[PDB]
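Breakdown of the fold
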2 protein chains.
Amino acid sequence: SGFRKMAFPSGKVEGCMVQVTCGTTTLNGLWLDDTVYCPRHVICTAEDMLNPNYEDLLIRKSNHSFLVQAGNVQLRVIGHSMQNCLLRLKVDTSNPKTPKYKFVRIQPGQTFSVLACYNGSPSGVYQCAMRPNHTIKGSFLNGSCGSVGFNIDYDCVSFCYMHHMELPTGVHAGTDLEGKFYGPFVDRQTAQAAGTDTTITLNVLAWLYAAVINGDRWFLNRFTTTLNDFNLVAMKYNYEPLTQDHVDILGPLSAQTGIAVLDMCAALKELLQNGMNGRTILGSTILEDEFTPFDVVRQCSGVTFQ
Amino acid sequence: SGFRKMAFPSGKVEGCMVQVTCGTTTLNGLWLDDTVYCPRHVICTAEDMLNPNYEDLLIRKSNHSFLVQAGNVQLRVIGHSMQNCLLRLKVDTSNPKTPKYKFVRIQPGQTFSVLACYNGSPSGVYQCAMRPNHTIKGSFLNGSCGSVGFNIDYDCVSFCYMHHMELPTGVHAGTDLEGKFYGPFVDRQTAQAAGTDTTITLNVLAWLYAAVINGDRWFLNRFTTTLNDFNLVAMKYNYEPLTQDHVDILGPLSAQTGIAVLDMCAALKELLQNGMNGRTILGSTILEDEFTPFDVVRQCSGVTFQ
Ligand SMILES: Cc1ccc(S)c(S)c1
Ligand SMILES: Cc1ccc(S)c(S)c1
Ligand SMILES: [Zn+2]
Ligand SMILES: [Zn+2]
């Protein structure tokens, strides 16, 4: 039946994207009710970025220093304030397309959909995982700042990421919708770099369960393992240590497949020590760590192929 | 800067999805202007599928044998006809969310975005390539029939696929929006199976160009090759033969990177004969064939890293 990295339908978010311009800088903003949220560096010039003092740069702006464009309409700013690394612009109009929503700060290992945008116009959508090192391997070009990440539950959009910068290795960093950065990054020019990363163990296990639900059992084995013995192998292969909380989370998947979590860990240990011998799992030649246990339950059938 | 399999924003299509029920069968339909399009097998029962005569099964239905639900509203059918493998239901209301659109029959190797839907409610979006063997490796569960594939240019939605069935190997088959199947498949129960497939050479080359644009040149070499000598290697590795039309298509990418097409073919030939030696390209350990030259130009920077 297939297994794909799928994103949430993006319509509810497309209706919230606008363009924000201050001086010569234009980037994207998120328009919810009567507020537009955007990266605070929209107020900076290239030189400002070397050592910007945002409090000082901002007090020098007025409400009209900001130009907000929604589609083909101009929104009038009637207030502004800084909240951590974001600017909150109050506008004269409430977005009629505002969806039911909330702001959530996602945890490392969790996934979300990104709606890449330029000049307030959505251009593409794809799924990303927040890495343990607090970066995401997105696809972004100049002008994408302010693009957002989100999940959708029922008809409530949980916004969890706003894009702010690209690091030397080509990976990306940003904030939650309260403007607090994920990771130790800052919105200014420094020698900052992505720290060391690690494979998301819980997700790789979830994905092996997805492969079984979809009818594949070739990588299973007759062994079991202790959490501690598993972690000795995990440390060697740069996998996050597995905890009992992670084992508990895998409970439902374990029950749907009849495969005990620690027995699946034994299967993983063997895959790490012996490789995959030219075989594939769910079409992949490598162990995938960008699907959470939740993503698997969402996409896979509730009935294992058996 | 990253490279992801990204789909087109799905909003314009979400506003067109509805549910169509005939008897005990419910699947998805596409509502454009005053017409709803859906798989004709919605009129069949399980037994009907063994050897259905659609002309005979359909003449036995009336306009009211069909229930069309848009969100929470019931649409009244005032006409119906069969067009190849689809049903075209005329309804009493014109969709106010109808986007500018057109129906296109995509060619093998080309890509499109799929909006997976159930009960007329969009659940996810992902990018697929139409394989040379006319199937797509989608992610679909029971109830997904009628889900559509599309591309978006400017603000015109080009619909190119409607989902109808899953084959024994777990891959998927469907039709264009005139109801003609892609491939030799039929909407009934038979021993039909996906034919042999092949790697999409032109796309793998496009992707190697994307990797160079993004700053990576490790797999290049000092050799060149003739189209014929390249094809002898392609035949051995089950790659589609490269033609001069394919070489011409790669012209712009070749110019942006300063790498002659046949020299890039020499690089591919070497990658196929020697493997990738534990290295990755654009984060991948394998040669990717699901990005067209058009997808690359769309997502990559217009300035090579150099
Ligand atoms: C050069 C440059 C211009 C605009 C933005 S928003 C950034 S992050 C960098
Ligand atoms: C069992 C079954 C029920 C409904 C549809 S639309 C199909 S394709 C198969
Ligand atoms: Zn920026
Ligand atoms: Zn069906």
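Method of determination, as annotated in the archive: X-ray crystallography, at 1.78 Å resolution.

In the annotation of the PDB entry, chain A is listed under the name Replicase polyprotein 1ab and assigned to SARS coronavirus. In the PDB, the title recorded for this entry is "Complex structure of SARS-CoV 3C-like protease with TDT".

Our next topic: the interface of chain A and chain B. The interface is formed by 35 residues belonging to chain A together with 35 residues belonging to chain B. Both faces combined, the contact of chain A with chain B buries some 2400 Å², and carbon together with sulfur accounts for 49% of it. Considering only the surface of chain A that becomes buried against chain B, A:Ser1, A:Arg4 and A:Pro9 emerge as the three largest contributors, covering 28% of it. At the boundary of chain A with chain B, the tally comes to two salt bridges.

For a metal bound by four donors in a tetrahedral arrangement, the ideal donor-metal-donor angle is 109.5 degrees, while six donors in an octahedral arrangement ideally sit at 90 or 180 degrees. All names here are of chain B. The protein atoms that coordinate the zinc ion (ligand 4) are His-41 (NE2) and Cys-145 (SG), at distances spanning 2.1 to 2.3 Å. Around the zinc ion (ligand 4), the four donor atoms are arranged such that angles at the metal cover 93 to 123°; this shape is classified as tetrahedral. Of this pair, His-41 sits in the loop between β3 (35-39) and α2 (54-59) while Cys-145 sits in the loop between β10 (121-129) and β11 (148-153), and the two are 104 residues apart along the sequence. The same class applies to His-41 as to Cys-145, namely buried.

Around the zinc ion (ligand 3), the protein contributes the donor atoms A:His41 (NE2) and A:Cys145 (SG), at 2.1 to 2.3 Å from the metal centre. Around the zinc ion (ligand 3), the four donor atoms sit at angles spanning 93 to 123°, and that spread fits a shape best called tetrahedral.

Right, let's get into the relation of the copies chain A and chain B. With an RMSD of 0.0 Å, chain A superimposes on chain B once it is rotated by 180° and translated 0.0 Å along the axis. What we have between these two chains is a two-fold relation. By C-alpha distance to the rotation axis, the residue of chain A lying nearest is A:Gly11, at 1.8 Å. By residue overlap, the copies meet face to face through one surface: 100% of the interface positions of chain A are interface positions in chain B.

Turning next to the site of ligand 1. Neighbouring ligand 1 are A:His41, A:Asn142 and A:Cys145. The protein chains hide 51% of the 300 Å² of surface that ligand 1 would expose on its own.

Residue and element names in this part refer to chain A. Following the sequence through the fold, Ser-113 ends up in strand β9 (residues 111-118). Using a relative accessible area of 0% as the deciding quantity, one classes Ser-113 as buried. With 48 residues separating them along the chain, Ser-113 and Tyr-161 place their C-alpha atoms 9.4 Å apart. For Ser-113, the residues in contact, after removing those within four places along its chain, are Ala-7, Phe-8, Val-125, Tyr-126, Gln-127, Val-148, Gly-149 and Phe-150. Among the polar contacts made by the side chain of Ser-113, one reaches the side chain of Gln-127 at a distance of 2.8 Å.

It is worth spelling out the side chain of A:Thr257 at this point. Within the secondary structure layout, A:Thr257 lies in helix α6 (residues 251-257). Excluding residues that lie within four positions of it along the chain, A:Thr257 makes contacts with A:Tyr209, A:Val212, A:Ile213 and A:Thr304.

Moving on, we come to the side chain of A:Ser158. Positionally, A:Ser158 belongs in strand β12 (residues 156-166). Apart from residues no more than four positions distant in its own chain, A:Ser158 is found in contact with A:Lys102, A:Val104, A:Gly149, A:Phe150 and A:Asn151.

This part is about the site of ligand 2. In the vicinity of ligand 2, the contacting residues are B:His41, B:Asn142 and B:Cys145. Summarising the interface, the protein chains cover 51% of the accessible area of ligand 2, which totals 310 Å² for the free molecule.

Attention now moves to the environment of A:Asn84. Residues and elements named next belong to chain A. Tracing the chain through its elements places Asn-84 in the loop between β6 (77-83) and β7 (86-91). The spatial distance from the C-alpha of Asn-84 to the C-alpha of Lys-180 is 5.9 Å, given a sequence separation of 96 residues. Excluding residues that lie within four positions of it along the chain, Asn-84 makes contacts with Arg-40, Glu-178, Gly-179 and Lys-180. Within the local environment of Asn-84, its side chain forms a polar contact with the backbone oxygen of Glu-178, the two atoms lying 2.8 Å apart.

Counted under the stated rule, the structure contains 16 aromatic pairs over all chains. Each ring, one from B:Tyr37 and one from B:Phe103, has its centre 5.3 Å from the other, and the planes form 85°; the classification is edge-to-face. Highlighted residues: B:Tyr37 in strand β3 and B:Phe103 in strand β8 (residues 100-103), separated in sequence by 66 residues. On the basis of relative accessibility, which here comes to 28%, the residue B:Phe103 falls in the partly exposed class. Three or more aromatic residues joined by ring pairs form one cluster here, namely A:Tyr37, A:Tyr101, A:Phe103 and A:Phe159. Residue placement shows B:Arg298 over the ring face of B:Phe8; its charged tip is 4.1 Å from the ring centre.

A few words on the sheet that holds strand β1 (residues 17-22) of chain B. Residues and elements named next belong to chain B. An order of β5-β4-β1-β2-β3-β7-β6 is seen for the seven strands of this open sheet, with the pairing classed as antiparallel. The two strands at the open ends of the sheet, each matched to only one other strand, are β5 (73-75) and β6 (77-83). Direction aside, neighbouring strands of the sheet carry axes that sit 30° apart on average. One ladder, built from six bridges, connects β6 with strand β7 (residues 86-91); its direction is antiparallel. Pairing of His-80 across the sheet is with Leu-89, part of β7.

Right, let's get into the packing of helix α4 (residues 227-236) of chain B against helix α7 (residues 261-274) of chain B. The relative placement of two packed helices comes down to the angle between their axes together with the axis-to-axis distance. Residues and elements named next belong to chain B. Running from amino to carboxyl end, α4 crosses α7 at an angle of 25°, the nearest separation of the two axes being 10 Å. It follows from the interaxial angle that α4 and α7 lie roughly parallel. Note that α4 runs across α7; the crossing there is left-handed. Judged by residue contacts, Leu-227, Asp-229, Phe-230 and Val-233 of α4 engage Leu-262, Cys-265, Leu-268, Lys-269, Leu-272 and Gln-273 from α7.

On to the nonpolar core. Counting residues in hydrophobic clusters, the biggest one holds 38 residues, and the most contacted among them are A:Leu30, A:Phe159, B:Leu30 and B:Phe159. Looking at this core, the elements that each hand over two or more residues are β2 (25-32), β9, β11 (148-153) and β12 of chain A together with β2 (25-32), β9 (111-118), β11 and β12 (156-166) of chain B. Once residues lying within four places of it in the same chain are set aside, the contact partners of A:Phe159 are A:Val13, A:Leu30, A:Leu32, A:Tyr101, A:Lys102, A:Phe103, A:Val104, A:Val148, A:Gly149, A:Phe150 and A:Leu177.

What follows concerns the pattern of salt bridges. A full pass over the atoms with the stated rule returns 18 salt bridges over all chains. Among the salt bridges present, the one from A:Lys12 reaches A:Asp155, with a minimum N-O distance of 3.4 Å. Taken together, the residues A:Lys12 in helix α1 (residues 11-14) and A:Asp155 in the loop between β11 and β12 connect sequence positions 143 residues apart. Several salt bridges share partner residues, and in doing so they unite A:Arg4, B:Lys5, B:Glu288 and B:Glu290 into one network.

How each quantity is defined
Residues numbered from 1 in each chain as written, not as in the entry; some residues may be left out. Chains lettered and ligands numbered in written order. Heavy atoms only, no water. Contact = heavy atoms within 4.5 Å. Buried area = accessible area lost by both parts, 1.4 Å probe. Salt bridge = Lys/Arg side-chain N within 4 Å of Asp/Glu carboxyl O. Donors = N, O, S within 2.8 Å, 3.2 Å for Na, K, Ca; no water. Tetrahedral: all angles 85-135°; square planar, octahedral: opposite > 155°, others 65-115°. Helix = DSSP H or I, 4+ residues; strand = E, 2+ residues; numbered from the N terminus. Buried < 20%, exposed > 50% of the residue type's maximum accessible area, 1.4 Å probe, protein only. Least-squares fit on C-alpha atoms. Near = heavy atom within 4 Å. Areas by Shrake-Rupley, 256 points an atom, 1.4 Å probe, with all protein chains shown as cover. Polar contact = N/O pair within 3.5 Å; in protein donor to acceptor, adjacent residues only side chain to side chain. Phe/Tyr/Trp six-rings, centres within 6.5 Å; stacked < 30°, edge-to-face > 60°. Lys NZ or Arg CZ within 6 Å of the ring centre and 35° of its normal. Pairing = 2+ DSSP bridges. Axes fitted to C-alpha atoms, helices over the stretch in contact; angles between N-to-C directions. Parallel < 35°, antiparallel > 145°, perpendicular 65-115°, else oblique. Left-handed = near helix turned anticlockwise from the far one by under 90°. Core = buried A, V, L, I, M, F, W, Y, C linked by side-chain atoms within 4.5 Å.

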